[PDB]
């Protein structure tokens, strides 16, 4: 089942081309319905925090954080490039990378949850583009500016509630050209193991977002570049890079 957030933070379930509004994620229908093209798609979550895995394609998962300010609206499939929220090419970097990833939206609070019970706390899966500024990532104290600058996390188009996270494909296309491709069965740490690990020291709240890592093929980006990340059984995330920004003031 596809669950989405749209317009002024509304929730709904996608029924073909019809968006059936619900009271809360996957909740009872309110009675309103909208044509998919007529709504403004939003990241399918309202996270208190975003936890991301490093190399996943290490005795334990490497983790880093992104603030919610990194979230960027996904392009509406009915009009991709005309609606996707642009990721400004930062003035502080010159090594901007992209990383297509499978993303997890937590459904139930998780604290000290064993691997075998981890997926039961998942609301659904969605797609993300972990934007990275590699040049500052090497010289900064921590990856704050490198991974958590504004819009460094396009997320969407919606989440799928029924899926086998360890058996799906992630394909990233840059300007129509396939640049990344990977099978989640090749994950060093499974989604379940990742969520479980995190829960040992950090409680995951309902609707928090967890990035599962990026496959091989990470390349550079240029202003104007158009990205398309398709994840079998989930959906396709459309996002693009905006023009180079100048000095802040």
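Residue numbers count along the first chain shown, from 1.
Per the record, residue 57 and residue 58 are separated by 10 or more deposited residues that have no coordinates. Here the stretch with the larger average CA B-factor, out of 172-180 and 156-164, is 172-180. The stretch 237-245 shows the higher mean C-alpha B-factor when 17-25 is compared against 237-245 in the entry. The residue among 128, 136, 106, 149 whose C-alpha atom has the highest B-factor in the PDB entry is 136. The entry assigns its greatest Cα B factor, within the set 43, 68, 223, 206, to 223.
When all modelled residues of the chain are sorted by CA temperature factor, residue 72 is found within the lowest third. Looking at the C-alpha B-factors along this chain, the one for residue 48 belongs to the lowest third. Residue 84: CA B factor in the middle third of modelled residues in this chain (values from the PDB entry). Remark: residue 30 belongs to the middle third of its chain, ranked by C-alpha B-factor as recorded. In the PDB entry, a CA B factor belonging to the lowest third of its chain's modelled residues is recorded for residue 122.
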